[PDB]
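1. so I've got this experimental structure, pasted below with the sequence.
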Amino acid sequence: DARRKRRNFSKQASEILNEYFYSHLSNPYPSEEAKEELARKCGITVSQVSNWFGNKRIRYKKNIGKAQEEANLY
Amino acid sequence: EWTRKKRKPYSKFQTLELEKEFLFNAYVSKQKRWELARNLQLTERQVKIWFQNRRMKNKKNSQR
DNA sequence: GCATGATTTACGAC
DNA sequence: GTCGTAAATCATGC
């Protein structure tokens, strides 16, 4: 159970995962090659990118009336 | 833009007994799948999908 | 006290 | 069959 050894990602890596997410509002699904490269910059395993985008997709959807419109991107 | 059941967390007894069977064979027969379903209060599909997921868990844990 | 990452049911692709 | 998921839930960080 790696929930016991769980730690928050680096704030820099979060700025990358959120960068891809909001910029691609139409299709929030990275390819196998994209996720392979997205994991490289953040110092995390690919499965953790999959876990993040998995968690971020649903938790985004829950917010329909909050300042979730952080699509400052550009 | 882009935007069939509620997930039921199984019991400890349900999950643990499923784990014992997995140690024998990761792939179990359709008759025993019916047996597992009878003792652990699950449907035939749910016992099948559980072994599907538990199998991928091994590939997920044992990986590089 | 929630935010957050990892895990557990459940289903459709193929 | 596997493989990518949605989703409820978990465990922890702060």
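-> Done, it's in. Numbers count the residues shown, from 1 in each chain, chains lettered A, B, ... in the order given.

2. so which bits of chain A are right by chain B?
-> A:25, A:26, A:27, A:28, A:47, A:61 (CB under 8 Å from any CB of the partner chain). C-beta: built from backbone N, CA, C; applies to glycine.

3. filter those residues to the buried ones?
-> Buried subset of the residues of chain A next to chain B (neighbour count, 16 or more other CB atoms under 10 Å in any protein chain shown): residue A:28.

4. nearest residue to residue B:43 other than its sequence neighbours?
-> residue B:37 (6.2 Å; CB to CB, 6 or more residues apart in numbering or on different chains).

5. and what of residue A:52?
-> residue A:17 (5.5 Å).

6. which ones are touching the one you found?
-> A:9, A:38, A:42, A:49, A:52, A:53, A:56 (CB atoms under 8 Å, 6 or more residues apart in numbering or on different chains).

7. want to throw those into JSON lines with secondary structure and distance to residue B:10?
-> Output for the contacts of residue A:17, formatted as JSON lines (DSSP: H, G, I helix; E, B strand; the rest coil; distance: CB to CB, whole Å):
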{"residue": "A:9", "secondary structure": "coil", "distance to residue B:10": "30"}
{"residue": "A:38", "secondary structure": "helix", "distance to residue B:10": "33"}
{"residue": "A:42", "secondary structure": "helix", "distance to residue B:10": "33"}
{"residue": "A:49", "secondary structure": "helix", "distance to residue B:10": "28"}
{"residue": "A:52", "secondary structure": "helix", "distance to residue B:10": "26"}
{"residue": "A:53", "secondary structure": "helix", "distance to residue B:10": "27"}
{"residue": "A:56", "secondary structure": "helix", "distance to residue B:10": "27"}
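
8. now, of these, which are buried?
-> A:38, A:42, A:49, A:52, A:53, A:56.

9. near DNA strand C, from the residues you listed?
-> With CB under 7 Å from any atom of the strand as the criterion, the members of these in contact with DNA strand C are A:52, A:56.

10. and which of the buried ones among the contacts of residue A:17 is nearest residue A:2?
-> residue A:52 (14.1 Å; CB to CB).
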